[PDB]
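Participant:
Protein chains in written order, with the working numbering: chain A, 519 to 566; chain B, 373 to 585; chain C, 22 to 236; chain D, -10 to 216; chain E, 144 to 357.
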């Protein structure tokens, strides 16, 4: 009824939209360093 | 799938049973919580816990859960007769982009006074020979669901065709009854002198011989 | 970043006609446009939203269909009650609204003729030190009216302000008047004052010219 | 509220199936409605969920676009449509209701579940079942009791309800389930215990009732006279 | 079932602070998106500022500075404070509540006038008709909006065309009023136009007669 709407609204991904309205795939890299020993670190070079 | 669960677990009336549900780091090792579902044999599953600390309405206080690292632990205060059900852990998967369920575990708490099996053989009647088929039955009653191996012999060579095993059905006095069927033809029915059904249970073998002629 | 231009500004249609107001945006927007109807002296109200659906209280005569760039508000039956301005608004990701210009719909009227009525300043205004002379326009249609004044057979610019009254509810008659402000020293320097008009209803322009102290 | 599903459905390997998961005592409101399957001997899977204010369904990457799930706000019921049926898909299909919350987990939990729909695939068609009498021999009745009954053969749509004397017998009656065979046929058993003194004054009959085939066969049994 | 009222409008100096008050009857002040749409007189609407259900607000490019929004949950009212004002800020605005990407609710408006002038009495000068005919009086150098006019104390209501106020370069409005009168009744009936308004409390009754010269 009135004053009762779903909090989720759909995105309009039309191909005719502008550059700023284009669908961009965004990946977030979150880094957290605690006192625990590290398991993933920098890579190793393979020079000639 | 990506979720690993123990196959089966035994319980006792008064002790504590811990069930561990482990999975991949993308679904279990991440920040996603776990959800437990109890699936009774004949009833739709219902939510047991949600959010790893809360309990929905109608859930008894004996059921509890906790999360420790990349594993989920389920603690139940005591075991009742209605606890014989399959438990599953459900969590959100990032890679599969959908919710996934665990492999499931079996918690069986039961005990019956198993005795020596009793076997009865019913040769087919004369009217069954006109249907161009022969069906040999091996009725067994007052036994245990374990060790229900069925063997057939014709006094010269074992039979390896048409042999099958049926699951038993619970009676009204805490007993299980089953049987076995053997499809044959009336053409070879009169060739063999006698037929027998072999049932092996806990090392006790009972042999019965029926004479068609 | 985004600018709003509307092709129609002043359109005239009958009862059985489609106003066909079109809405154009600088950048393509997909079905996120809403229309309004603001009466003069009355608070605005929404008509449609998202350019596809219809408000419950709004009558279903209004309709629209626009995918990415071209939008419209074609009306099947035009009523005398919904004679107001129209706007199409599009928001941004930070809820930045963008309202544009107003398109007004007016009832069709006879062309008639721009009757020119000159009015010299009175003798009471001589003591005040400011001289104002106006010429009146009545029963003229449409709004395309030239108001340029001719003083001493010379062009005058940047000295008159137009005043347009609202359309009356009786027969929708337009009235025009322009006021010119000048000092009393410059009033005695000029001798001939007149204003000329141009319209579709006149084959030739009509100019009324008077002189200072002419009885 | 409660979720009510349809009955058991039997289809063909390569047909189309559709059911409804109706809601009683209230509509779907704004919570998501999902479908979760379970199979005997296997775990539970997930196919998607339906939002009842927008009609947008998010599928799973394990399954292709061969299944569609839809719902209507007028009836507040959820429908599904699966094509290209296979013998693997012999599992029951349940409709579930999600209940979200706020927190660091954000894991969807299923608070309410549907009643259940049984889906089975069999290439065999519908045929007429045959019932044949069974009677002990002289050597079987060593004591004062005899064990006899009726067996049902070549029935395609599931074992039927077996009643002794139209439900007049309730003691000593047992029901046996079917079993998969080489050709997919099913066979059951039914054995009862009766005293030997009632074999000469009271006869036993088996009443079989089969809803899909619209058949009802009445047959009698008697102990053998030769032995 | 919505109703929004506004208060605080009036005449104020450019170098001052003004606080508005928008009240909602059936709407809360911390659960919806609100927009402050301001429409210039004679022009279309224009966005100014937006506030969310939480503690966040946004402004346009031209009004990014000198703007503060602070809602009040105690009396269910919306407050907008303008610490600095310009000459272009005079317009009519309507407080409202709405959803994402569009708003449907709307409220009334309060007129605000900002200038360096003050209250000034209206000067009425007659317009002598030339020898149908047109007659009237011109209102010059008056402030502020609005001013009402009447012919024969409201007896004459046919052919009355009251032009709207126009802002001059000197900061004072001008108004013109004319009526249609036949030439046969010029020497029979006397026409007097009354010009008065509340902020100055001046009542001048001046007649118009087509006599004398220049």
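Cβ coordinates follow ideal geometry from the N, Cα and C atoms, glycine included.
Run the CB neighbour count on residue 43/D, radius 10 Å, all protein chains shown included, and call it buried at 16 or more, exposed below.
Facilitator: With fewer than 16 other Cβ atoms within 10 Å, it is exposed.
Participant: Along the beta strand (DSSP E) that carries residue 179/E, what are the first and last residues, could you check?
Facilitator: Residue 179/E -> beta strand (DSSP E) spans 176 to 182.
Participant: Spatial neighbours of residue 98/D within its chain, please: C-beta separation below 6 Å, excluding the five flanking residues on both sides.
Facilitator: So the list reads 88, once near-sequence residues are dropped.
Participant: Starting from residue 51/D, trace the alpha helix (DSSP H) in both directions and tell me its first and last residue.
Facilitator: Element bounds for residue 51/D: n/a, residue is neither H nor E.
Participant: Check whether chain A comes within 9 Å of residue 204/E, counting only Cβ atoms and requiring the distance to be less than that.
Facilitator: No - not a single Cβ of chain A is within 9 Å of the one on residue 204/E.
Participant: Assuming residue 232/C contacts residue 205/C (C-beta within less than 8 Å), just tell me the rounded distance between them.
Facilitator: 17 Å between Cβ atoms; not a contact.
Participant: Just the chain C side, please: which residues come within less than 7 Å of residue 251/E by C-beta, in chain order?
Facilitator: What residue 251/E touches in chain C: 64.
Participant: By how many angstroms is the C-alpha of residue 443/B removed from the C-alpha of residue 554/A?
Facilitator: Rounded to whole angstroms, residue 554/A to residue 443/B spans 18 Å at the Cα level.
Participant: Within 9 Å of any Cβ in chain C, is that where the Cβ of residue 523/A sits?
Facilitator: Answer no: the Cβ-Cβ gap between residue 523/A and chain C never drops below 9 Å.
Participant: Taking only runs of the beta strand (DSSP E) that begin and end inside the segment 77 to 124 of chain D, which ones reach a length of at least 3 residues, in chain order?
Facilitator: If we require 3 residues or more, the beta strand (DSSP E) runs fully inside the segment 77 to 124 of chain D come out as 81 to 88, 98 to 102, 108 to 110 and 119 to 123.
Participant: Quick one, which of 52/D, 15/D, 146/D and 51/D has its alpha-carbon nearest residue 66/D's?
Facilitator: Residue 66/D has its Cα closest to that of 15/D, out of 52/D, 15/D, 146/D and 51/D.
Participant: What does residue 243/E touch in chain A if you count any residue whose Cβ is under 9 Å from its own?
Facilitator: Simply 527.
Participant: Using the DSSP secondary-structure output, state which residues sit across from residue 69/D in a beta bridge.
Facilitator: Answer is 8/D and 58/D.
Participant: With DSSP collapsed to three states, give me the class of residue 424/B.
Facilitator: Residue 424/B: coil per DSSP, three-state reduction.
Participant: Does the CB of residue 520/A have a neighbour CB from chain E at under 9 Å?
Facilitator: Taking Cβ atoms only, chain E reaches closer than 9 Å to residue 520/A, which makes this a yes.
Participant: In chain B, which residues lie with their C-beta within 8 Å of the C-beta of residue 168/D?
Facilitator: Under the 8 Å cutoff, chain B gives 536, 537, 538, 539 and 553.
Participant: Determine, using beta carbons only, whether residue 462/B and residue 374/B come nearer to each other than 9 Å.
Facilitator: In this structure, residue 374/B does not lie closer than 9 Å to residue 462/B by Cβ.
Participant: Of all the beta strand (DSSP E) runs that stay within the bounds of the segment 186 to 241 of chain E, which reach a length of 3 or more residues?
Facilitator: Complete beta strand (DSSP E) runs here, min 3: 188 to 194, 200 to 202, 210 to 212, 223 to 225 and 235 to 241.
Participant: List the whole-angstrom C-beta distance separating residue 509/B from residue 178/D, where the pair is believed to meet the contact cut-off of C-beta under 8 Å.
Facilitator: 7 Å between Cβ atoms; contact.
Participant: Which runs of the beta strand (DSSP E) at least 3 residues long sit entirely within the segment 63 to 150 of chain C? Give them in chain order.
Facilitator: Complete beta strand (DSSP E) runs here, min 3: 66 to 69, 91 to 93, 106 to 110, 124 to 127 and 133 to 140.
Participant: Report the rounded CA-to-CA distance for residue 158/E versus residue 238/E, giving the unit in angstroms.
Facilitator: Answer to the nearest angstrom: the Cα atoms are 24 Å apart.
Participant: Of all the beta strand (DSSP E) runs that stay within the bounds of the segment 24 to 67 of chain C, which reach a length of 3 or more residues?
Facilitator: Whole beta strand (DSSP E) segments, 3+ residues: 31 to 33, 43 to 46 and 55 to 59.
Participant: Where does the unbroken alpha helix (DSSP H) through residue 561/B begin, and where does it stop?
Facilitator: Where residue 561/B is concerned, the enclosing alpha helix (DSSP H) stretches over 558 to 561.
Participant: Kindly give me the distance between the Cβ atoms of residue 456/B and residue 480/B, rounded to whole angstroms, as I take these residues to be in contact under 8 Å.
Facilitator: With a Cβ gap of about 6 Å, residue 456/B and residue 480/B count as contacting.
Participant: By DSSP, does residue 149/E sit in helix, in strand, or in coil?
Facilitator: Strand, per DSSP.
Participant: Let me see if you follow: with CB-CB separation under 9 Å, is residue 69/C close to chain A or not?
Facilitator: No, because no Cβ of chain A sits closer than 9 Å to the Cβ of residue 69/C.
Participant: Between residue 50/C and residue 88/C, what straight-line distance do the alpha-carbon atoms span, to the nearest angstrom?
Facilitator: Cα to Cα, the separation comes out at about 8 Å.
Participant: So, with DSSP's three-state summary, where would you put residue 453/B?
Facilitator: Reduced to three states, the DSSP call for residue 453/B is helix.
Participant: Among 46/D, 80/D and 21/D, which has the Cα closest to the Cα of residue 32/D?
Facilitator: It is 80/D.
Participant: Compare the C-beta of residue 542/A with all C-beta atoms of chain C and state if any pair is closer than 9 Å.
Facilitator: Answer no: the Cβ-Cβ gap between residue 542/A and chain C never drops below 9 Å.
Participant: Quick one, are the C-beta atoms of residue 6/D and residue 74/D less than 9 Å apart?
Facilitator: Cβ distance < 9 Å, so residue 6/D and residue 74/D count as in contact.
Participant: Would you verify that the beta carbon of residue 284/C is, or is not, closer than 9 Å to some beta carbon of chain A?
Facilitator: Past the boundaries of the shown model lies residue 284/C; chain C is included only from 22 to 236, so the question cannot be answered.
Participant: Taking contact to mean 3 or more Cβ pairs, one atom from each stretch, closer than 8 Å, check whether the segment 70 to 83 of chain C and the segment 120 to 129 of chain C are in contact.
Facilitator: With a cut-off of 8 Å, the segment 120 to 129 of chain C and the segment 70 to 83 of chain C do not count as touching, because too few Cβ pairs lie within range.
Participant: Does any residue of chain A have a CB that is nearer than 9 Å to the CB of residue 288/E?
Facilitator: False, the Cβ-Cβ gap to chain A never drops below 9 Å.
Participant: Kindly say whether residue 48/C, judged by its beta-carbon, lies nearer than 9 Å to any beta-carbon of chain E.
Facilitator: Not an interface residue.
Participant: Between residue 190/C and chain E, is any beta-carbon pair separated by less than 9 Å?
Facilitator: No, residue 190/C lies away from the interface with chain E (no Cβ there is under 9 Å from its Cβ).
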